[PDB]
Every structure is written in C-alpha cells, then in structure tokens.
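Trainee: After the structure tokens below, expect a handful of questions from me.
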Amino acid sequence: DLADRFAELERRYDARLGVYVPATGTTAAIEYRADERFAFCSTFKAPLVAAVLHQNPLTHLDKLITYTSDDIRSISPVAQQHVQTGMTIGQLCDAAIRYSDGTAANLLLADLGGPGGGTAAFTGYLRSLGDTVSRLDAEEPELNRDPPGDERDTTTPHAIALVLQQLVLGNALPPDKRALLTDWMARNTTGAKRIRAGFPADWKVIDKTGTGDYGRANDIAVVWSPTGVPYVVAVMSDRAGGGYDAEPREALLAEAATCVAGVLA
Ligand SMILES: *C(=O)[C@@H]([C@@H]1N=C(C(=O)O)[C@@H](S[C@@H]2CN[C@H](C(=O)Nc3cccc(C(=O)O)c3)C2)[C@@H]1C)[C@@H](C)O
C-alpha cells in the first residue's frame with residue numbers, strides 16, 4: 001500500500017512528507033498530504049524564471065545586471081563568482097535553476113518588479129496559471145525561515161505540480177521560452193540525490209530542488225518513461241520535530257521517489 005509506505009518513511013525520518021503526481025490517461029493521481037502547505041524554499045525559482053521569460057522579449061536574457069557586496073545575502077554559488085563583472089538575465093536564470101543561487105533569485109525578483117521586491121508579481125504569475133493556493137511573501141534568505149505551519153512562502157505538492165505541468169508540458173510559455181526553462185531544469189546540478197535517485201537511469205529527469213530550515217527538503221520534477229510518457233512529480237518534506245536546525249534529509253525524497261517510480265513503471 002503506497003500510503004503505508006509514505007507513512008513508514010515519515011516515521012523513519014521524523015518527517016512530514018507531501019507527494020503529488022497529476023493523473024494521466026491511465027494513471028490515477030498519486031497524492032499524500034498533497035493539499036497540505038509546505039515551504040517553497042528554492043522550488044519557487046522554476047516558476048520565477050518562467051515569469052521572467054514570459055514577461056520579456058527573449059533577448060532580455062542578454063541584459064547585464066550589476067550587483068555588489070550588500071546583494072549577497074544567501075547561498076549564491078555562482079553570483080559570488082561574478083560580483084565584480086555582473087551577470088546577464090540569462091546567466092541569472094541559469095544560476096537560479098542549475099545551482100539554486102539565492103542572489104540570482106533575488107535579482108530576478110527585482111527584475112520582475114512591483115511590490116514586495118517582486119514577490120507580489122511572482123504570486124500574480126501563479127494566480128494567472130490557476131494556482132489560488134501558493135504565495136511568496138519574502139525574498140532570500142527570509143523566505144526559507146517561516147516557522148512550521150506558517151502559510152507565508154508556501155505552496156502545496158498539488159498546486160506546484162499543476163503549475164510545473166503547465167510550464168513544461170502545457171502551453172503556459174511559447175515553445176522557445178518553454179525549451180529554455182526545460183533545458184535549465186534538465187541541466188540542474190543540485191538534484192542527483194532526490195527524485196533522480198528514485199527513477200531508473202533510462203527515465204529522463206529534469207528538476208528544481210529546495211532546501212531550508214526545520215529540515216526542509218523539496219524536489220519538483222518532470223520525468224519521462226523510456227517511451228517518452230511524461231509525469232510531474234512534486235515531493236516536499238520537513239523535519240519540524242527537530243526544530244530550526246533539523247537536518248534536511250535528501251534520502252527521504254529519494255526513497256519516496258523510488259516508491260512513486262515503482263507505481264509508474
Ligand atoms: C533554496 O532552497 C536555497 C538553496 N537551494 C539549495 C538546493 O536546492 O539544494 C541550496 S544550494 C546547493 C546545496 N548547497 C550547495 C552549496 O552551498 N553550494 C555552494 C558551493 C560553493 C559556494 C557557495 C556559496 O558561495 O554560497 C555555495 C548548493 C540552498 C539551501 C536558498 C538559499 O536559495
């Protein structure tokens with residue numbers, strides 16, 4: 001029983017776990033706590049890059065953005081390296097997805113603009129995709145720090161799965177921008193030990209991870225069977241029982257993804 005397996009994993013990792021896979025032609029929706037709120041953490045960066053792509057001509061990717069010391073306020077593996085020269089919007093989108101760069105996300109929010117340093121416009125973008133659940137309220141690093149149960153900066157496995165489905169599989173973006181987003185996620189470097197670990201090598205996996213305080217570890221992916229049948233997989237978790245400094249546990253997501261892949265194969 002799948003629900004039983006997911007419950008075994010929650011006890012194993014002292015965690016709360018959320019899973020959603022949207023229904024297809026012959027597969028029923030997979031859902032476990034799928035309508036409970038979980039912190040986005042960095043998973044918001046996938047629809048953020050979509051919002052920025054949507055909002056501008058494609059060649060806005062070639063605009064150079066400059067920033068300095070006081071702009072580096074969170075984990076930023078790429079932005080720290082380029083602070084002296086700047087980064088184009090294209091580089092920022094690339095860093096935000098593939099390295100989960102926090103500074104790149106803040107600069108991309110600022111590019112999108114409007115109230116809340118871009119957070120209101122980001123939330124408005126999800127609303128345009130029919131997501132009436134998710135909300136972004138803060139930028140990096142504060143967006144990962146809301147206490148357990150607090151609705152600020154949250155989504156649900158169900159809501160984010162349907163957003164990602166529209167972005168990658170559906171028509172939310174024109175084909176050229178849709179390919180940009182899909183390729184960045186295909187080239188992600190942070191996800192080898194999460195959804196990717198749960199699916200056999202001959203399944204294609206693209207993803208965007210999230211990690212935060214209270215032992216938060218998320219992964220949202222699109223996967224394709226060896227015959228090109230796609231599925232959207234949203235896995236979210238926290239270990240709030242360990243307090244603010246609880247260790248995020250990727251293995252939980254790998255195991256949950258293995259359970260999902262078992263059902264989809
Ligand atoms: C968003 O969830 C959060 C990001 N997202 C992360 C993720 O999805 O894994 C991590 S960043 C990822 C895991 N940690 C390493 C890291 O710290 N790399 C690194 C390497 C060299 C330099 C630097 C640096 O200068 O900062 C970092 C990569 C993270 C929790 C927030 C912050 O967006």
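Naming scheme: A, B, ... for chains in displayed order of the structure tokens; residues 1 onward per chain; ligands 1 onward as shown.
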List as a count of residues only the protein and nucleic acid residues lying within 7 Å of ligand 1, with only C-alpha atoms and all ligand atoms counted.
Mentor: 20
Trainee: Just the alpha helix (DSSP H) stuff from region 95-134 of chain A, please, per backbone DSSP, written as number ranges by chain.
Mentor: A: 95-98, 102-112, 119-128
Trainee: Selected residues, C-alpha atoms, written as a compact mmCIF listing (two decimals), in the first residue's frame, please.
Mentor:
```txt
# COMPACT_ATOMS: atom_id res chain seq x y z
CA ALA A 95 22.35 30.10 -11.82
CA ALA A 96 18.92 30.24 -10.16
CA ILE A 97 17.80 26.87 -11.55
CA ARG A 98 21.02 24.86 -12.02
CA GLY A 102 19.82 32.78 -3.94
CA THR A 103 21.24 36.11 -5.11
CA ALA A 104 20.25 35.27 -8.71
CA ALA A 105 16.68 34.64 -7.46
CA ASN A 106 16.59 38.00 -5.63
CA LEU A 107 17.88 39.82 -8.71
CA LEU A 108 15.30 38.02 -10.85
CA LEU A 109 12.51 39.03 -8.43
CA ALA A 110 13.72 42.63 -8.67
CA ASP A 111 13.68 42.32 -12.48
CA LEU A 112 10.04 41.20 -12.40
CA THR A 119 7.01 38.81 -4.65
CA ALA A 120 3.53 40.18 -5.39
CA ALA A 121 4.16 39.88 -9.18
CA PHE A 122 5.55 36.37 -8.70
CA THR A 123 2.41 35.35 -6.80
CA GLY A 124 0.31 37.08 -9.51
CA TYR A 125 2.05 34.91 -12.11
CA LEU A 126 0.98 31.71 -10.26
CA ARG A 127 -2.55 33.14 -9.95
CA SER A 128 -2.61 33.52 -13.78
```
Trainee: At most 10 Å is the cut-off: for each residue in region 119-144 of chain A with any atom that close to an atom of region 155-172 of chain A, write down the nearest atom pair and the distance in Å rounded to one decimal, counting only C-alpha atoms, chain first then increasing number, as a Markdown table.
Mentor:
```
| residue | atom | partner | partner_atom | distance |
| --- | --- | --- | --- | --- |
| A:126 | CA | A:163 | CA | 7.2 |
| A:127 | CA | A:163 | CA | 9.7 |
| A:128 | CA | A:172 | CA | 9.4 |
| A:129 | CA | A:163 | CA | 6.6 |
| A:130 | CA | A:163 | CA | 8.1 |
| A:131 | CA | A:159 | CA | 6.1 |
| A:132 | CA | A:159 | CA | 8.2 |
| A:133 | CA | A:155 | CA | 6.5 |
| A:134 | CA | A:155 | CA | 4.2 |
| A:135 | CA | A:155 | CA | 6.6 |
| A:136 | CA | A:155 | CA | 8.7 |
```
Trainee: Tell me which of A:6, A:44, A:184, A:32 sits closest to residue 220 (chain A), counting only C-alpha atoms.
Mentor: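 Closest to residue 220 (chain A), using only C-alpha atoms: A:44.
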Trainee: Separation of CA of residue 213 (chain A) and CA of residue 39 (chain A), in Å?
Mentor: 9.7 Å
Trainee: Quick one: residues within 10 Å of residue 83 (chain A), only C-alpha atoms, excluding same-chain residues fewer than 6 positions away - as an MDAnalysis selection string?
Mentor: chainID A and resid 65:69 71:72
Trainee: Between A:243, A:113, A:226, A:57, which has the minimum distance to residue 148 (chain A) (counting only C-alpha atoms)?
Mentor: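 Between A:243, A:113, A:226, A:57, the residue approaching residue 148 (chain A) most closely is A:243.
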